[PDB]
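Chemist: Just one file: query.tsv, with TSV, N, CA and C atoms.
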```
chain	number	residue	atom	x	y	z
A	1	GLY	N	90.22	115.72	133.63
A	1	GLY	CA	88.81	115.58	133.19
A	1	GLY	C	88.41	116.79	132.37
A	2	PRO	N	87.21	116.82	131.75
A	2	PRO	CA	86.81	117.95	130.92
A	2	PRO	C	86.85	119.30	131.67
A	3	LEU	N	87.35	120.32	130.99
A	3	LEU	CA	87.33	121.74	131.45
A	3	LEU	C	88.00	121.89	132.83
A	4	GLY	N	88.97	121.04	133.12
A	4	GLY	CA	89.76	121.12	134.37
A	4	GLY	C	89.14	120.43	135.56
A	5	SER	N	88.04	119.70	135.41
A	5	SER	CA	87.56	118.84	136.52
A	5	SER	C	88.54	117.65	136.59
A	6	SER	N	88.86	117.17	137.77
A	6	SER	CA	89.68	115.94	137.88
A	6	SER	C	89.49	115.33	139.25
A	7	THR	N	89.40	114.02	139.25
A	7	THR	CA	89.23	113.20	140.46
A	7	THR	C	90.60	113.05	141.12
A	8	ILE	N	90.60	112.60	142.37
A	8	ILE	CA	91.83	112.23	143.11
A	8	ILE	C	92.56	111.20	142.27
A	9	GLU	N	91.85	110.19	141.76
A	9	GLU	CA	92.46	109.15	140.89
A	9	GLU	C	93.20	109.80	139.72
A	10	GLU	N	92.56	110.69	138.95
A	10	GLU	CA	93.19	111.28	137.74
A	10	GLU	C	94.39	112.14	138.13
A	11	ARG	N	94.30	112.83	139.26
A	11	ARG	CA	95.38	113.74	139.73
A	11	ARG	C	96.60	112.90	140.15
A	12	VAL	N	96.38	111.78	140.83
A	12	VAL	CA	97.49	110.85	141.19
A	12	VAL	C	98.12	110.35	139.91
A	13	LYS	N	97.30	109.87	138.98
A	13	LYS	CA	97.81	109.28	137.72
A	13	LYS	C	98.59	110.30	136.90
A	14	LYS	N	98.14	111.56	136.86
A	14	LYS	CA	98.85	112.63	136.12
A	14	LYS	C	100.19	112.92	136.80
A	15	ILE	N	100.23	113.05	138.13
A	15	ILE	CA	101.50	113.34	138.87
A	15	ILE	C	102.48	112.19	138.62
A	16	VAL	N	102.02	110.95	138.71
A	16	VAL	CA	102.88	109.74	138.53
A	16	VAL	C	103.41	109.71	137.09
A	17	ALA	N	102.56	109.97	136.11
A	17	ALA	CA	102.94	110.01	134.67
A	17	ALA	C	104.03	111.07	134.44
A	18	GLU	N	103.84	112.26	135.00
A	18	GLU	CA	104.78	113.42	134.90
A	18	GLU	C	106.12	113.06	135.57
A	19	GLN	N	106.08	112.54	136.79
A	19	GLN	CA	107.27	112.27	137.61
A	19	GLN	C	108.09	111.12	137.02
A	20	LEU	N	107.44	110.09	136.47
A	20	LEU	CA	108.12	108.84	136.05
A	20	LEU	C	108.30	108.81	134.53
A	21	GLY	N	107.78	109.82	133.81
A	21	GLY	CA	107.95	110.01	132.36
A	21	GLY	C	107.32	108.89	131.56
A	22	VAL	N	106.10	108.49	131.94
A	22	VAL	CA	105.31	107.41	131.28
A	22	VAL	C	103.99	108.03	130.80
A	23	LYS	N	103.33	107.41	129.83
A	23	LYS	CA	101.98	107.82	129.35
A	23	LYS	C	101.00	107.72	130.52
A	24	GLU	N	100.16	108.74	130.71
A	24	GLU	CA	99.08	108.74	131.73
A	24	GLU	C	98.28	107.43	131.62
A	25	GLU	N	98.15	106.90	130.40
A	25	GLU	CA	97.38	105.68	130.08
A	25	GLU	C	98.04	104.40	130.62
A	26	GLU	N	99.35	104.40	130.87
A	26	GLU	CA	100.07	103.21	131.42
A	26	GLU	C	100.06	103.27	132.96
A	27	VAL	N	99.56	104.37	133.52
A	27	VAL	CA	99.44	104.54	134.99
A	27	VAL	C	98.05	104.05	135.41
A	28	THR	N	97.90	102.74	135.64
A	28	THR	CA	96.66	102.10	136.14
A	28	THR	C	96.85	101.81	137.63
A	29	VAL	N	95.74	101.58	138.33
A	29	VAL	CA	95.72	101.46	139.82
A	29	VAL	C	96.50	100.22	140.27
A	30	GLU	N	96.65	99.22	139.40
A	30	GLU	CA	97.30	97.93	139.73
A	30	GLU	C	98.83	98.07	139.68
A	31	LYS	N	99.35	99.16	139.11
A	31	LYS	CA	100.80	99.33	138.80
A	31	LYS	C	101.62	99.59	140.07
A	32	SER	N	102.73	98.87	140.20
A	32	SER	CA	103.81	99.15	141.16
A	32	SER	C	104.71	100.26	140.62
A	33	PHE	N	104.99	101.29	141.40
A	33	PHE	CA	105.93	102.37	140.97
A	33	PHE	C	107.28	101.79	140.56
A	34	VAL	N	107.83	100.88	141.37
A	34	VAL	CA	109.20	100.33	141.15
A	34	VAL	C	109.16	99.19	140.13
A	35	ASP	N	108.26	98.22	140.29
A	35	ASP	CA	108.27	96.98	139.46
A	35	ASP	C	107.68	97.23	138.07
A	36	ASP	N	106.67	98.08	137.93
A	36	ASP	CA	106.00	98.29	136.62
A	36	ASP	C	106.48	99.58	135.96
A	37	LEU	N	106.61	100.67	136.70
A	37	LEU	CA	106.74	102.01	136.09
A	37	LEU	C	108.19	102.51	136.15
A	38	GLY	N	109.13	101.66	136.55
A	38	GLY	CA	110.59	101.92	136.53
A	38	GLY	C	111.07	103.03	137.47
A	39	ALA	N	110.36	103.30	138.56
A	39	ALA	CA	110.80	104.32	139.55
A	39	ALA	C	112.10	103.86	140.22
A	40	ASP	N	113.16	104.68	140.17
A	40	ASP	CA	114.37	104.43	141.02
A	40	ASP	C	114.16	105.15	142.36
A	41	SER	N	115.16	105.10	143.24
A	41	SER	CA	115.13	105.68	144.59
A	41	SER	C	114.84	107.19	144.50
A	42	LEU	N	115.46	107.91	143.59
A	42	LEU	CA	115.26	109.39	143.50
A	42	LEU	C	113.85	109.67	142.95
A	43	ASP	N	113.44	108.94	141.93
A	43	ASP	CA	112.05	109.04	141.41
A	43	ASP	C	111.08	108.96	142.57
A	44	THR	N	111.25	107.97	143.46
A	44	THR	CA	110.25	107.72	144.53
A	44	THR	C	110.31	108.88	145.50
A	45	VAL	N	111.50	109.37	145.86
A	45	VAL	CA	111.63	110.51	146.81
A	45	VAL	C	110.86	111.73	146.22
A	46	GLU	N	111.09	112.04	144.96
A	46	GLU	CA	110.50	113.23	144.30
A	46	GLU	C	109.01	112.99	144.09
A	47	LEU	N	108.59	111.75	143.83
A	47	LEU	CA	107.16	111.45	143.55
A	47	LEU	C	106.37	111.70	144.83
A	48	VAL	N	106.87	111.23	145.96
A	48	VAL	CA	106.24	111.50	147.29
A	48	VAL	C	105.98	112.99	147.46
A	49	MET	N	107.01	113.80	147.21
A	49	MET	CA	106.95	115.28	147.33
A	49	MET	C	105.94	115.90	146.35
A	50	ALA	N	105.91	115.46	145.09
A	50	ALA	CA	104.94	115.92	144.06
A	50	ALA	C	103.51	115.57	144.49
A	51	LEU	N	103.29	114.43	145.16
A	51	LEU	CA	101.94	114.05	145.64
A	51	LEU	C	101.57	114.93	146.84
A	52	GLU	N	102.54	115.17	147.73
A	52	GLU	CA	102.36	116.01	148.94
A	52	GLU	C	101.92	117.41	148.49
A	53	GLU	N	102.59	117.97	147.48
A	53	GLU	CA	102.31	119.33	146.95
A	53	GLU	C	100.92	119.34	146.29
A	54	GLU	N	100.63	118.39	145.41
A	54	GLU	CA	99.34	118.35	144.66
A	54	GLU	C	98.19	118.32	145.67
A	55	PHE	N	98.32	117.55	146.74
A	55	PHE	CA	97.17	117.25	147.62
A	55	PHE	C	97.29	117.99	148.95
A	56	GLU	N	98.34	118.79	149.11
A	56	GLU	CA	98.61	119.63	150.31
A	56	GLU	C	98.56	118.73	151.55
A	57	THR	N	99.30	117.63	151.52
A	57	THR	CA	99.27	116.59	152.58
A	57	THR	C	100.72	116.29	152.98
A	58	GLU	N	100.91	115.71	154.16
A	58	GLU	CA	102.21	115.20	154.65
A	58	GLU	C	102.13	113.69	154.56
A	59	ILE	N	103.03	113.06	153.80
A	59	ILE	CA	103.18	111.58	153.84
A	59	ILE	C	104.44	111.27	154.64
A	60	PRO	N	104.29	110.70	155.85
A	60	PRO	CA	105.45	110.41	156.69
A	60	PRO	C	106.25	109.29	156.02
A	61	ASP	N	107.57	109.37	156.13
A	61	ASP	CA	108.53	108.50	155.41
A	61	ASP	C	108.09	107.03	155.57
A	62	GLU	N	107.54	106.65	156.72
A	62	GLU	CA	107.20	105.23	157.04
A	62	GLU	C	105.85	104.86	156.44
A	63	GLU	N	104.95	105.82	156.22
A	63	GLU	CA	103.73	105.57	155.41
A	63	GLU	C	104.17	105.39	153.95
A	64	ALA	N	105.04	106.27	153.49
A	64	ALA	CA	105.51	106.34	152.10
A	64	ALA	C	106.13	104.99	151.70
A	65	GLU	N	106.81	104.29	152.60
A	65	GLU	CA	107.39	102.94	152.37
A	65	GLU	C	106.33	101.93	151.93
A	66	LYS	N	105.12	102.02	152.47
A	66	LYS	CA	104.04	101.04	152.24
A	66	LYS	C	103.25	101.40	150.97
A	67	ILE	N	103.42	102.58	150.39
A	67	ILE	CA	102.63	103.05	149.22
A	67	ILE	C	103.36	102.60	147.94
A	68	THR	N	103.24	101.33	147.60
A	68	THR	CA	104.05	100.67	146.55
A	68	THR	C	103.32	100.66	145.22
A	69	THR	N	102.04	101.03	145.21
A	69	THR	CA	101.20	100.96	143.99
A	69	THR	C	100.42	102.26	143.82
A	70	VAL	N	100.01	102.51	142.59
A	70	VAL	CA	99.11	103.64	142.25
A	70	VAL	C	97.88	103.56	143.16
A	71	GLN	N	97.28	102.37	143.32
A	71	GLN	CA	96.09	102.22	144.19
A	71	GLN	C	96.40	102.72	145.60
A	72	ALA	N	97.55	102.38	146.17
A	72	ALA	CA	97.85	102.76	147.57
A	72	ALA	C	97.94	104.29	147.67
A	73	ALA	N	98.43	104.95	146.65
A	73	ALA	CA	98.64	106.42	146.65
A	73	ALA	C	97.26	107.11	146.62
A	74	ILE	N	96.36	106.57	145.80
A	74	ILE	CA	94.94	107.03	145.72
A	74	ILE	C	94.29	106.84	147.09
A	75	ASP	N	94.38	105.65	147.69
A	75	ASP	CA	93.71	105.36	148.99
A	75	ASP	C	94.30	106.21	150.11
A	76	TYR	N	95.61	106.44	150.13
A	76	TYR	CA	96.23	107.32	151.15
A	76	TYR	C	95.68	108.76	151.01
A	77	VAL	N	95.63	109.28	149.79
A	77	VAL	CA	95.21	110.69	149.53
A	77	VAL	C	93.73	110.84	149.89
A	78	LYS	N	92.89	109.89	149.47
A	78	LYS	CA	91.43	109.88	149.75
A	78	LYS	C	91.18	109.87	151.26
A	79	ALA	N	92.00	109.16	152.05
A	79	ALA	CA	91.84	108.98	153.52
A	79	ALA	C	92.21	110.28	154.26
A	80	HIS	N	93.18	111.03	153.72
A	80	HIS	CA	93.64	112.36	154.21
A	80	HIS	C	92.87	113.48	153.49
A	81	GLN	N	91.65	113.19	153.04
A	81	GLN	CA	90.66	114.16	152.49
A	81	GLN	C	89.27	113.84	153.06
A	82	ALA	N	88.98	112.56	153.36
A	82	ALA	CA	87.68	112.08	153.87
A	82	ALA	C	87.91	110.96	154.90
```
Using structure tokens, write down the structure that the file contains.
Modeler:
Amino acid sequence: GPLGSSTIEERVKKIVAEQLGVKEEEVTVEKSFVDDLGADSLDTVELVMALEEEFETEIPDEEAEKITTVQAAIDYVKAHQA
């Protein structure tokens, strides 16, 4: 966002864009990491870790299995903040 302001949504979308090597603009909330954004097994392992670091949160491996979309990653991060 302007002058370094950024929402949880924008921060998830930037981390996903960086990790999966796609335009921030192709990272919409409806997107599947695997089916839409071409994440392989290693991409997903590293993406979990990049989200954990950005948001200073622990995503347990079995929660991480269910986070199949950009929307789920936003809702998980928002829930472990509020």
Chemist: From the options A:46, A:9, A:54, A:62, which residue's atoms come nearest to residue 24 of chain A, counting only C-alpha atoms?
Modeler: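 Among the listed residues, the smallest separation from residue 24 of chain A belongs to A:9.
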Chemist: Restricting the calculation to only C-alpha atoms: of A:37, A:77, A:42, A:67, which residue gets closest to residue 10 of chain A?
Modeler: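 Closest residue, counting only C-alpha atoms: A:77.
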Chemist: Could you work out how far atom CA of residue 73 of chain A lies from atom CA of residue 55 of chain A, giving the answer in Å with one decimal?
Modeler: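 That distance, rounded to one decimal, is 11.0 Å.
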Chemist: Mind giving me the straight-line distance from atom N of residue 20 of chain A to atom N of residue 34 of chain A in Å, one decimal?
Modeler: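 Interatomic distance here is 10.4 Å.
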Chemist: Could you tell me how far atom CA of residue 81 of chain A lies from atom CA of residue 25 of chain A, in Å and to one decimal?
Modeler: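 Atom CA of residue 81 of chain A sits 24.9 Å away from atom CA of residue 25 of chain A.
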Chemist: Rank nothing, just name the residue among A:13, A:80, A:29, A:2 nearest to residue 56 of chain A, using all atoms listed in the file.
Modeler: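 Residue with the minimum atom-to-atom distance to residue 56 of chain A: A:80.
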Chemist: I need the residue nearest residue 31 of chain A from this list: A:44, A:74, A:82, A:68. Use only C-alpha atoms for the distance.
Modeler: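 The shortest atom-to-atom distance to residue 31 of chain A comes from A:68.
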Chemist: What lies within 9 Å of residue 48 of chain A using only C-alpha atoms, ignoring chain neighbours under 6 positions off, as a short mmCIF file (atom, residue, chain, number, x, y, z; two decimals) with N, CA and C atoms, keeping the file's coordinate frame?
Modeler:
```cif
data_model
loop_
_atom_site.label_atom_id
_atom_site.label_comp_id
_atom_site.auth_asym_id
_atom_site.auth_seq_id
_atom_site.Cartn_x
_atom_site.Cartn_y
_atom_site.Cartn_z
N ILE A 59 103.03 113.06 153.80
CA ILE A 59 103.18 111.58 153.84
C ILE A 59 104.44 111.27 154.64
N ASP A 61 107.57 109.37 156.13
CA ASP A 61 108.53 108.50 155.41
C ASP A 61 108.09 107.03 155.57
N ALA A 64 105.04 106.27 153.49
CA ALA A 64 105.51 106.34 152.10
C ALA A 64 106.13 104.99 151.70
#
```
Chemist: For residue 51 of chain A, which of A:15, A:28, A:63, A:33 is the closest residue, counting only N, CA and C atoms?
Modeler: A:15
Chemist: Around (111.6, 110.4, 136.7), as given in the file, which residues come within 8 Å? Count only N, CA and C atoms and list them as a ChimeraX atom specification.
Modeler: /A:17-22,38-40,42-44,47
Chemist: Where does DSSP see helix (DSSP H, G or I) in chain A, if you list the residues as JSON, numbers by chain?
Modeler: {"A": [2, 3, 4, 8, 9, 10, 11, 12, 13, 14, 15, 16, 17, 18, 19, 20, 24, 25, 26, 41, 42, 43, 44, 45, 46, 47, 48, 49, 50, 51, 52, 53, 54, 55, 61, 62, 63, 64, 65, 66, 70, 71, 72, 73, 74, 75, 76, 77, 78, 79]}
Chemist: Out of A:70, A:78, A:8, A:60, which residue has the shortest atom-to-atom distance to residue 32 of chain A when counting only C-alpha atoms?
Modeler: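 Using only C-alpha atoms, the shortest distance to residue 32 of chain A belongs to A:70.
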Chemist: Starting from the sparse input, extend segment 17-28 of chain A to N, CA, C and O atoms and give the output as a PDB file, keeping the file's coordinate frame.
Modeler:
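What follows is the written file part_31.pdb:
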```pdb
ATOM      1  N   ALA A  17     102.560 109.970 136.110  1.00  0.00           N
ATOM      2  CA  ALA A  17     102.940 110.010 134.670  1.00  0.00           C
ATOM      3  C   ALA A  17     104.030 111.070 134.440  1.00  0.00           C
ATOM      4  O   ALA A  17     105.033 110.770 133.763  1.00  0.00           O
ATOM      5  N   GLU A  18     103.840 112.260 135.000  1.00  0.00           N
ATOM      6  CA  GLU A  18     104.780 113.420 134.900  1.00  0.00           C
ATOM      7  C   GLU A  18     106.120 113.060 135.570  1.00  0.00           C
ATOM      8  O   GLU A  18     107.182 113.289 134.975  1.00  0.00           O
ATOM      9  N   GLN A  19     106.080 112.540 136.790  1.00  0.00           N
ATOM     10  CA  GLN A  19     107.270 112.270 137.610  1.00  0.00           C
ATOM     11  C   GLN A  19     108.090 111.120 137.020  1.00  0.00           C
ATOM     12  O   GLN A  19     109.338 111.169 137.194  1.00  0.00           O
ATOM     13  N   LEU A  20     107.440 110.090 136.470  1.00  0.00           N
ATOM     14  CA  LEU A  20     108.120 108.840 136.050  1.00  0.00           C
ATOM     15  C   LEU A  20     108.300 108.810 134.530  1.00  0.00           C
ATOM     16  O   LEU A  20     108.926 107.854 134.073  1.00  0.00           O
ATOM     17  N   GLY A  21     107.780 109.820 133.810  1.00  0.00           N
ATOM     18  CA  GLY A  21     107.950 110.010 132.360  1.00  0.00           C
ATOM     19  C   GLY A  21     107.320 108.890 131.560  1.00  0.00           C
ATOM     20  O   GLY A  21     107.948 108.393 130.626  1.00  0.00           O
ATOM     21  N   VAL A  22     106.100 108.490 131.940  1.00  0.00           N
ATOM     22  CA  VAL A  22     105.310 107.410 131.280  1.00  0.00           C
ATOM     23  C   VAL A  22     103.990 108.030 130.800  1.00  0.00           C
ATOM     24  O   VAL A  22     103.608 109.090 131.335  1.00  0.00           O
ATOM     25  N   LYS A  23     103.330 107.410 129.830  1.00  0.00           N
ATOM     26  CA  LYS A  23     101.980 107.820 129.350  1.00  0.00           C
ATOM     27  C   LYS A  23     101.000 107.720 130.520  1.00  0.00           C
ATOM     28  O   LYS A  23     101.034 106.689 131.222  1.00  0.00           O
ATOM     29  N   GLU A  24     100.160 108.740 130.710  1.00  0.00           N
ATOM     30  CA  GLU A  24      99.080 108.740 131.730  1.00  0.00           C
ATOM     31  C   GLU A  24      98.280 107.430 131.620  1.00  0.00           C
ATOM     32  O   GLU A  24      97.843 106.915 132.686  1.00  0.00           O
ATOM     33  N   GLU A  25      98.150 106.900 130.400  1.00  0.00           N
ATOM     34  CA  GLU A  25      97.380 105.680 130.080  1.00  0.00           C
ATOM     35  C   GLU A  25      98.040 104.400 130.620  1.00  0.00           C
ATOM     36  O   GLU A  25      97.316 103.404 130.774  1.00  0.00           O
ATOM     37  N   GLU A  26      99.350 104.400 130.870  1.00  0.00           N
ATOM     38  CA  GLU A  26     100.070 103.210 131.420  1.00  0.00           C
ATOM     39  C   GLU A  26     100.060 103.270 132.960  1.00  0.00           C
ATOM     40  O   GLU A  26     100.508 102.303 133.606  1.00  0.00           O
ATOM     41  N   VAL A  27      99.560 104.370 133.520  1.00  0.00           N
ATOM     42  CA  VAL A  27      99.440 104.540 134.990  1.00  0.00           C
ATOM     43  C   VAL A  27      98.050 104.050 135.410  1.00  0.00           C
ATOM     44  O   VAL A  27      97.148 104.883 135.527  1.00  0.00           O
ATOM     45  N   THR A  28      97.900 102.740 135.640  1.00  0.00           N
ATOM     46  CA  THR A  28      96.660 102.100 136.140  1.00  0.00           C
ATOM     47  C   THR A  28      96.850 101.810 137.630  1.00  0.00           C
ATOM     48  O   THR A  28      98.037 101.749 138.072  1.00  0.00           O
TER      49      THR A  28
END
```
